[PDB]
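Asker: First, the structure itself, so that you have it in front of you.
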Amino acid sequence: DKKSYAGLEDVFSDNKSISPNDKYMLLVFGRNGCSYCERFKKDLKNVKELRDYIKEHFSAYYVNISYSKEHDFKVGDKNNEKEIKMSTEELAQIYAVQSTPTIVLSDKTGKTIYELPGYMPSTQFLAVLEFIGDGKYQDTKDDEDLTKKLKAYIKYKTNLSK
């Protein structure tokens with residue numbers, strides 16, 4: 001339900017239609033009775049820098065796997081967008097969701113860039129979001145180099161926060 005993210009309608013668009021819509025895409029898989037999902041939402045509410053950053057750079061969706069809805073999922077570039085109707089369960093399966101919260105960050109074509117299978121405090125999480133949102137990920141050689149640069153960037157932002 002929309003109740004899954006009550007008060008965060010400014011951040012999350014209706015998940016009946018999921019697409020990057022010419023922004024980076026942020027998909028959060030959550031569920032009922034999930035204390036880390038609750039902590040994640042409180043961070044989004046209360047850390048204005050995090051909230052503003054997401055609203056500026058991301059099309060964001062909160063998918064509650066405690067329920068089953070139909071989602072119109074639209075990815076691909078401008079020349080060829082693929083639109084598929086899928087269930088909550090099929091959407092989670094595509095992303096291989098195994099735990100909640102799972103956070104998926106994708107580019108404007110809907111290509112997965114990075115995934116966090118768990119909660120991360122707001123300082124570190126905003127660093128991950130900037131690494132993707134400012135395009136810094138683009139200058140990396142591979143998955144290993146991206147991970148290494150991202151981890152560097154997070155420590156840097158951690159030093160900065162103190």
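By order in the structure tokens, chains are A, B, ...; within a chain, residues start at 1; ligands start at 1, following the order shown.
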Please return, as an MDAnalysis selection string, all residues of segment 56-116 of chain A that DSSP assigns to helix (DSSP H, G or I) on the basis of the backbone.
Answerer: chainID A and resid 56:57 88:94
Asker: Where does segment 56-120 of chain A meet segment 146-152 of chain A within 12 Å, residue by residue, with the nearest atom pair and distance in Å to one decimal for each, counting only C-alpha atoms, listed by chain and rising number, as CSV?
Answerer:
residue,atom,partner,partner_atom,distance
A:113,CA,A:146,CA,9.5
A:114,CA,A:147,CA,9.0
A:115,CA,A:147,CA,10.9
A:116,CA,A:147,CA,11.6
Asker: Please provide the set of residues having any atom within 9 Å of segment 19-23 of chain A, restricted to only C-alpha atoms, with same-chain residues fewer than 3 positions apart removed, written as a ChimeraX atom specification.
Answerer: /A:26,56-60,72-75,106-110,133
Asker: Contacts of residue 91 of chain A at 12 Å or less, counting only C-alpha atoms, minus same-chain residues fewer than 6 places along, as a PyMOL selection string?
Answerer: chain A and resi 15-16+18+27-29+63-65+68-74+84-85+97+104
Asker: Convert the current residue selection to file output with C-alpha atoms, as a short mmCIF file (atom, residue, chain, number, x, y, z; two decimals), in the first residue's frame.
Answerer:
data_model
loop_
_atom_site.label_atom_id
_atom_site.label_comp_id
_atom_site.auth_asym_id
_atom_site.auth_seq_id
_atom_site.Cartn_x
_atom_site.Cartn_y
_atom_site.Cartn_z
CA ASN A 15 5.16 1.91 -8.20
CA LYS A 16 2.32 0.94 -10.51
CA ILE A 18 8.30 1.99 -12.73
CA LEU A 27 14.35 0.91 -6.24
CA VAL A 28 13.87 0.02 -2.58
CA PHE A 29 12.48 -3.42 -1.79
CA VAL A 63 8.13 -1.86 -3.37
CA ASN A 64 6.62 -3.64 -0.38
CA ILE A 65 7.04 -7.41 -0.90
CA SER A 68 1.55 -8.46 -4.53
CA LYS A 69 0.76 -5.72 -7.09
CA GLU A 70 1.15 -5.45 -10.85
CA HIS A 71 3.94 -3.12 -11.94
CA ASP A 72 4.42 -1.60 -15.40
CA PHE A 73 8.18 -1.78 -15.63
CA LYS A 74 9.76 0.34 -18.38
CA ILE A 84 6.50 -5.32 -19.25
CA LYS A 85 3.68 -5.79 -16.71
CA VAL A 97 15.93 -9.88 -3.79
CA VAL A 104 19.03 -0.95 -6.29
#
Asker: Record the distance separating atom CA of residue 3 of chain A and atom CA of residue 32 of chain A, expressed in Å with one decimal.
Answerer: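 That distance, rounded to one decimal, is 10.4 Å.
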Asker: Mind checking which residues fall within 10 Å of residue 99 of chain A, counting only C-alpha atoms, ignoring those fewer than 5 positions away in the same chain, and posting them as a PyMOL selection string?
Answerer: chain A and resi 29-31+34+117-118
Asker: Among segment 10-159 of chain A, which residues carry a DSSP assignment of strand (DSSP E or B), reported as a ChimeraX atom specification?
Answerer: /A:12,17-18,24-30,58-64,70-75,82-87,102-106,112-116
Asker: Neighbours of segment 119-124 of chain A within 7 Å (only C-alpha atoms; same-chain residues fewer than 4 positions away dropped), as a PyMOL selection string?
Answerer: chain A and resi 36+40+43+101+128+154+158
Asker: Any chance you can output those residues with N, CA, C and O atoms as a tab-separated table (two decimals), in the first residue's frame?
Answerer:
chain	number	residue	atom	x	y	z
A	36	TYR	N	14.94	-2.49	9.89
A	36	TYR	CA	15.87	-1.76	9.05
A	36	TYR	C	15.19	-0.98	7.92
A	36	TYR	O	15.70	0.04	7.50
A	40	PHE	N	15.61	3.02	7.59
A	40	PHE	CA	15.88	3.60	6.27
A	40	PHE	C	14.89	4.74	5.93
A	40	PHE	O	15.29	5.82	5.49
A	43	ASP	N	15.58	7.94	8.04
A	43	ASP	CA	16.70	8.66	7.42
A	43	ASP	C	16.27	9.48	6.24
A	43	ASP	O	16.69	10.62	6.11
A	101	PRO	N	15.96	-4.30	3.94
A	101	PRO	CA	15.71	-3.61	2.67
A	101	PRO	C	16.78	-3.97	1.64
A	101	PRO	O	17.95	-4.09	2.00
A	128	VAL	N	27.13	6.89	-1.41
A	128	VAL	CA	26.81	5.96	-2.49
A	128	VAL	C	25.93	6.66	-3.53
A	128	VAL	O	26.17	6.54	-4.73
A	154	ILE	N	33.30	6.75	0.02
A	154	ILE	CA	32.52	6.65	1.25
A	154	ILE	C	33.35	7.05	2.48
A	154	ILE	O	32.89	7.85	3.31
A	158	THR	N	32.75	10.11	4.98
A	158	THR	CA	32.80	9.83	6.43
A	158	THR	C	33.77	10.77	7.17
A	158	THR	O	33.40	11.38	8.18
Asker: Take atom CA of residue 54 of chain A and atom CA of residue 11 of chain A and report the distance between them in Å, one decimal.
Answerer: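 Atom-to-atom, atom CA of residue 54 of chain A to atom CA of residue 11 of chain A, that is 7.0 Å.
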Asker: Using only C-alpha atoms, which residues sit within 6 Å of residue 50 of chain A once same-chain residues fewer than 3 positions away are excluded, as a list in words?
Answerer: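 The residues satisfying every condition are residues 47, 53 and 126 of chain A.
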Asker: Please write the residues from the selection above to a file, keeping C-alpha atoms, as an mmCIF file, in the first residue's frame.
Answerer:
data_model
loop_
_atom_site.group_PDB
_atom_site.id
_atom_site.type_symbol
_atom_site.label_atom_id
_atom_site.label_comp_id
_atom_site.auth_asym_id
_atom_site.auth_seq_id
_atom_site.Cartn_x
_atom_site.Cartn_y
_atom_site.Cartn_z
ATOM 1 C CA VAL A 47 18.159 13.954 6.761
ATOM 2 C CA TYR A 53 19.671 14.667 -3.177
ATOM 3 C CA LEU A 126 24.340 9.630 0.659
#
Asker: Which of these, A:112, A:66, A:161, A:17, has the shortest distance to residue 127 of chain A once you count only C-alpha atoms?
Answerer: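 For residue 127 of chain A, the nearest of the given residues is A:161.
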Asker: What does the distance between atom CA of residue 89 of chain A and atom CA of residue 37 of chain A come to in Å, to one decimal place?
Answerer: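 Here the two named atoms are 18.1 Å from each other.
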